[PDB]
Amino acid sequence: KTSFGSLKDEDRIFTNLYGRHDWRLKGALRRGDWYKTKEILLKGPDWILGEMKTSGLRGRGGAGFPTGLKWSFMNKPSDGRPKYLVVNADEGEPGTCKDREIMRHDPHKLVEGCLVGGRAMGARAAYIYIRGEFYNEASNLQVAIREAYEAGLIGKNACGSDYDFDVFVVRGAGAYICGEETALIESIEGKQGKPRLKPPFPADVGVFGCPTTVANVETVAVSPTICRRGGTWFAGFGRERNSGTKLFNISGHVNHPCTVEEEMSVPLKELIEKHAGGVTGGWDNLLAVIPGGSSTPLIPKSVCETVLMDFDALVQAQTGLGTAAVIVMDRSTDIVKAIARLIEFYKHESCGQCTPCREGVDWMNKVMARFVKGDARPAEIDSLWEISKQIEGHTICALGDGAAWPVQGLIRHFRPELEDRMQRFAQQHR
Amino acid sequence: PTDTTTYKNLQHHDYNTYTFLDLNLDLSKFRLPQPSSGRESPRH
Amino acid sequence: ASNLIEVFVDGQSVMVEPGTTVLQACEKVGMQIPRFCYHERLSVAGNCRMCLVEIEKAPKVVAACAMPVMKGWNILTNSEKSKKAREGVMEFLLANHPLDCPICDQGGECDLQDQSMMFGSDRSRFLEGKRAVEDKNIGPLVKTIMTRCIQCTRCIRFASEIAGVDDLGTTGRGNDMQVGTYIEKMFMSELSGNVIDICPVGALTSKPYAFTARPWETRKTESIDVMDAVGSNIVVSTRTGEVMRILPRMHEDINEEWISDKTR
Amino acid sequence: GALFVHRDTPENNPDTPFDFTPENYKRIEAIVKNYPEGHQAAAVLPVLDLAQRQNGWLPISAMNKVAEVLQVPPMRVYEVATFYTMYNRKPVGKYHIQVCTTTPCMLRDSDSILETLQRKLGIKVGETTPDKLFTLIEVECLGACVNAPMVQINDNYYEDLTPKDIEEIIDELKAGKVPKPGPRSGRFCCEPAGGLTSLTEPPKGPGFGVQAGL
Ligand SMILES: Cc1cc2nc3c(=O)[nH]c(=O)nc-3n(C[C@H](O)[C@H](O)[C@H](O)COP(=O)(O)O)c2cc1C
Ligand code: SF4
Ligand code: SF4
Ligand code: SF4
Ligand code: FES
Ligand code: FES
Ligand code: NA
C-alpha cells in the first residue's frame, strides 16, 4: 500500500498503553501475553531470529539498526563465557517518554521479550537498566518479574522449556549518556558512564567482558508478538525497510500532548492532527518540528506538510526518525532559544571523556547563548557550522553527533532569524 | 469486559523508599547460581 | 609467517601481525601518528582523538591508537580528511588551555606546543572565556597546575597499572571533568615522579626543577644510576656546568622508560 | 557552585559517623549476588544509592564505607559519586524538588512553575529553605515530556502542572501529607485529553492472530 496510518486496535501491540487494564500477570494473560511461550522457545534460536529478520524490525532506541541482523551476532557457539542480554530502559532523550509507559503498564511484555530475545541470542540472564528517576516504574517492573518467577515463566526451567533465564533490574543514578549502549555496559559494571571505543563490539566483549546485546525496551517488548503473529504480519505495516508499528510521543505546542501507537510511515501532519489534536492555534501556526527527539534536526513547516514518519523519509528531509518523539513549536516560539536550551542539555550530559565533545559542545553552548541575545556577528554563523562539523564523526559516541545536528538544523532552516537578531542587537547599542 | 474507565496503576502510590531493594531481596531465592571469573576480583 | 597480513600506509605495503593497530602499522613505515592520550606502555585510552586518520574508502576516520588494522586497508596519514581532523581536534584542545607558555615549565619541550606547530591551525577563532580549575597538592615532588591539564588520563593509567596506586581518577563530567584525588591526599609512590614525564603538558611538573631551566639550554649527558643496583639508564641534564635534573633514558631490558624517585 | 573536590568540614569528614543498619546489610548481599562472582564492583551504584536512601545524602564517610564493604578503592567510589547527578554530596531538604526545564517542558511553561516555587518557598534554585524542608533545583528531561510541565519530588512525579497546582502540592508537604503522583490536569497518565483516540476497543484476548504452526 502507499497510504499508511489509521492503525486498528486489533493490530496494536501495546494494548494496555494507557493503563486502563490490570498491569499484573492476571491482566497480562488475559491480553495474550505469555501465550505459547514454551512453543516459541522450543522452535529454537534460528527460528526466532528468522522471524525478527523477516519482520524487518529496526532499532527503537534511536539508531534504527535492523534488529534481526544485530541479534544474530550472538548466534555463535559459546567460548566458556556467559552470554547476556541488556535491555536499555534509560530513556533519556528529551521528548521521549515511550519506554516509560511500557514498563509501568505492560511490564510482562518486556519480561517475555527478554526471555524470547535472550533465548534467541543464547543468553543466560537479562539485565534491564532503567534510569534512576523512574523509581515507581522500576518497582512495577520488579513486581512483574517476581510474579513471573512465581509462575515459573522465568528462572529455572522457564515456561517448562528446560532453559534457564534470569531477569535482573539495575537502576541508573542520573546520566543521559548511560543510554548509549557501551556507556550503559560500563555503568552496570560499576564505572562512570563513559562509552567504550569500538571494536570490540559488545557481541564479542560486552558487560563483564562477555558477549552482550544491548536492545531498546520497545525493540525487546514487541518481539514475542512478532513470533506469535509472525514476521509477515509485522512486515505488513509501513513502507518496505521501515515496517511495523511505532510508539509516538507528541509534546510541545499541541492541544493534546500524548503517547500513541501508530503505523510507520504515517504522515507527520496526520499524526499531529488525528491524535494530538492539532497544533496550538491551527496548522498555520506551526513553525518547526523536531521529529525524532532532541538529537534529530528540526524541520520547518514547509517540509512537515508532506513528510512521512519513517526512517528513510526523514533521512531525505535532512533529519531522522530517532526515538519518534515529536516536539512541536508554534510561531510564538523563540526558535533560537529553543535549540539553545537543547545545546545546554547536551553540555550538561557530555561524559567528558573525549576532546571534541568535552570542549566542543561546551563551546557551541556559549556561542548559542550569544546567538539568543544577538550578541554576535553573522560571520560567526559559519564559524559555528564548522565547529559542529568538527565534532561530528570525530567523537567516541553519538552524543557528540547528536549535539551537532540540532545546531545544523537551526542554521540550515533559520539563518535569517539569527541574522535578524544580530542586526537588532547591533542597532540597539550602536 | 473490563471497566477500562478508571486507572489501574495505583499501587505505586503506596511504594516507599525501600520498595525496590525489598523486592530484590525477595527475588534472591529464585535466582540461578552466578558464573565465576575464577578470581575473587581483578585485584584492585 | 603465515599470520602476517598485508596493509598499506599511503600505498606502501606492510606485513603486520594480527591485532596490530593502525598507529603501529604506520610506525613500521616510519610515520609517527600525532597523539596525546596514547602511550605505548599504558592501556589504550582513545580519548584525545588526535590520532584520527582516514582509511581509504571508509567515510569515518578511525582512532589509529585503538583501531586494529584489517587486511587490505590503505591508511592515508596525510589526506585532507586526516589533516582537517587533526586541526579540528587541536583547536578543541587549545580552546580552554591557558596562555601559560612563558611561565610554564613544559615550554620548549611540550607536545601540545609542537603538535600545534606541526598539525594545528596557526590562529584562534575562540571568542569566549576559558575554564579555570583549582590546583591539588599531591606532595613535595609533583607540582600541579591543573588548568593546563588536557584530560588525557595518562597519569591515571600510570598510577593504576605501572605503580599499582588507584588514587588518581576523574571527578565531574563534561567540560568540568577534573583529574585528581577528590580528597586531599599525597601521591608518594616510589615510581611517582614518572608522571612528570608522561604528562604531555605542564599540568604535572617537578617541584625541585621548577623555573630553573629551559630545555633548549640543557646539555644532555647519557649515564647510569647508582642509587640502587638496577642500573637504570638516565639522562643528566646540565647547564653552564651545573646539574639541572635527571631524566629516564629508555632501555627495554632494565628500566624501560621509568626511574625511581630517588634516582630522579 | 557544585564543586567536585572534597574539603573536610566538621559536618563532613572521614570520621563523620556512618554505618549500614543491619537490615540494609541484608539488602547489600542481595544486591551483590545479582552479579557474577569476581565482578562485585558492579554493586557500587546500587550500594552507593542505598547509603543515600538510609542517610539522605553522602558524606565522605558514607563513600568510604561503600568502598570498604565492596573492597573497591575509594577513588573508584568517588568517581561514581561525582559522575551521576542523583547522588547528593551535600545534605538536601526533606523534599528535594526537581523541576525539568528542558525544551519540551520549557515550551509548555516550566518557567512559570519555577517562578511560583521560588516565590512560594522564598528561595532560589540551588538553595534550601531555612527550616531545611525543601531544596529547589532545575533538572534536565525526566522522561515525562507529554505530561509537561512536571517536577519530581523524591521518588514521585507530579505532572501537567500549573502555578495553582504546584502551590497545592507545596501546601500538602508543609502540612505533612503526601500529595499523590501523576497528572494534575484530569487525565490519568499519557492519554490524549478529551478521550482516547486509540485502544477504545476491548483487547483481543489470548491466541488472537497467532501464526499457524506455532
Ligand atoms: C547519548 C545517547 C543516548 C542514548 N540513549 C538511549 C536510551 O535512553 N534508550 C535507548 O533504547 N537507546 C539509547 N541510545 C541508543 C543506544 O546507544 C543503542 O543504539 C540502543 O539502545 C540499542 O539498540 P536498539 O535500538 O536497536 O535496540 C543512545 C545513544 C546515545 C549516543
Ligand atoms: S562524545 Fe561526549 S558523551 Fe560521547 S564519549 Fe565523547 S565526551 Fe563522552
Ligand atoms: S603545557 Fe605546553 S602549550 Fe600549555 S602552557 Fe605549557 S608550554 Fe604552553
Ligand atoms: S594531569 Fe597530565 S597526564 Fe594527567 S590527565 Fe591531565 S594532561 Fe593527562
Ligand atoms: S592518541 Fe588515539 S585518541 Fe588519543
Ligand atoms: S523535557 Fe521535561 S520531562 Fe522531558
Ligand atoms: Na609534563
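Ligands are counted one by one from 1 in listed order, and the atoms in each one are counted from 1 as well. Labels below follow one simple rule: chain letters A, B, ... track the order of the sequence lines, proteins then strands, and each chain is numbered from 1. Worth knowing before you read on, the calculation uses all heavy atoms, side chains too, and leaves out hydrogens, waters and symmetry mates.
- Listed by number with element, the atoms of ligand 3 under 4.0 Å from a non-hydrogen atom of C:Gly107 are 7 (S).
- Taking every heavy atom of C:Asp100 and a limit of under 4.0 angstrom, the matching atoms of ligand 3 come to 5 (S).
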I'd like to know whether A:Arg358 forms a salt bridge (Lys or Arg N to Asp or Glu O under 4.0 Å) with A:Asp362, so could you lay out the CA-CA distance, the side-chain angles of the two residues, the decisive distance to 0.1 Å, and finally the verdict. CA-CA 7 Å; A:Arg358 179 185 57 258; A:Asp362 188 77; over 6 Å; no
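- Of the possible donor and acceptor atoms, none in the side chain of A:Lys347 sits under 3.5 Å from a partner among the backbone N and O of C:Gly174.
- A donor-acceptor distance shorter than 3.5 angstrom exists from the side chain of C:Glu161 to the backbone of C:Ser43, with no hydrogens or angles considered.
- Using a 30° and 60° split on the angle between ring planes, A:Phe345 and A:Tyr176 fall in the tilted class, from 30° to 60°.
- Side chains of C:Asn175 and A:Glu359: a donor-acceptor N/O pair is present below 3.5 angstrom, by distance only.
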Derivation of the side chain to side chain contact (heavy atoms under 4.5 Å, CB included) call for C:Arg131 and C:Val133: CA-CA 7 Å; C:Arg131 170 187 73 228; C:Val133 315; 4.0 Å; yes
Audit row: C:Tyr209, C:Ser237, side chain to side chain donor-acceptor pair (under 3.5 Å) steps and yes/no: CA-CA 11 Å; C:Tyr209 183 66; C:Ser237 319; over 6 Å; no
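- Protein residues lining ligand 4, listed by chain and number: C:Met146, C:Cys149, C:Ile150, C:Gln151, C:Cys152, C:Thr153, C:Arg154, C:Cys155, C:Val179, C:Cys199, C:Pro200, C:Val201, C:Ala203, C:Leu204 [non-hydrogen atoms, distance under 4.0 Å].
- Close approach of ligand 3 to C:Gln113 (heavy-atom distance below 4.0 Å) involves ligand atoms 2 (Fe), 3 (S), 7 (S), 8 (Fe).
- Coordination check, C:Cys101 versus atom 8 (Fe) of ligand 3: passed, since an N/O/S atom of the residue sits under 2.8 Å.
- For ligand 3, the atoms closer than 4.0 angstrom to any heavy atom of C:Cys104 are 1 (S), 5 (S), 6 (Fe), 7 (S).
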Start with the C-alpha gap between C:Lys130 and C:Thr147, add the side-chain angles, then the distance that decides, and say whether side chain to side chain donor-acceptor pair (under 3.5 Å) holds. CA-CA 9 Å; C:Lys130 300 180 167 263; C:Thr147 300; over 6 Å; no
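- The stretch residues 243-264 of chain C participates, sequence neighbours left out, in these ring-ring contact (aromatic ring centres under 6.0 Å, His included) pairs: C:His39-C:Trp258, C:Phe158-C:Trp258.
- For C:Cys110, every heavy-atom contact with ligand 3 shorter than 4.0 Å involves the side chain, none the backbone.
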